[PDB]
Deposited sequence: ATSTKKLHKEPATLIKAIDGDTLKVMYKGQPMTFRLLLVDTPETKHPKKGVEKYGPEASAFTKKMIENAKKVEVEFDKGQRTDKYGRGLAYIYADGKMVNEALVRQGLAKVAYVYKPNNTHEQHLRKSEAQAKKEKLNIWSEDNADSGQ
């Protein structure tokens, strides 16, 4: 896998962003995580997860997207990636805070699954947010 540059257009919620990627606006969805819903007919921690992702990616110097080994988009046309803000993966950061659960684990896009599950296990042991 490799990291590619991208530019934040707008953070939508905890796990969905609008991104300029190779000069075209796209919606991206974070791989392997699910932040609580705030859109579809508002789940506890959804507003917190949205604020965490917004802050983390808006305040970044450099944003990168890293596709996994399989599909690069979902059925809604969204890019599927690990997204990094100054080198720190947002998908892991949310999980480590108990603001996302590991979810939507679709092979072969599971390269960072064990890494994320280890962060989730710590967030659970620490009783953080969703796990409180």
Tell me which segments of the deposited chain sequence are not represented by C-alpha atoms in this structure. 1-6, 48-50, 142-149
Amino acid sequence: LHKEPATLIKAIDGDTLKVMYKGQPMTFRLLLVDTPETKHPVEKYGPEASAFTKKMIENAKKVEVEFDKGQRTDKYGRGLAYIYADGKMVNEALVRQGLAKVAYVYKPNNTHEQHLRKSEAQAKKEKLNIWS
From here on, numbers count along this sequence of modelled residues.
Stretch exceeding the other in mean C-alpha B-factor - 48-56, 32-40: 32-40
Comparing 99-107 with 59-67, where is the mean C-alpha B-factor higher? 99-107
Considering only modelled residues of the same chain, in which third does the CA B-factor of residue 22 rank: lowest, middle or highest? highest
What third of its chain, lowest, middle or highest, does the C-alpha temperature factor of residue 114 fall into? highest
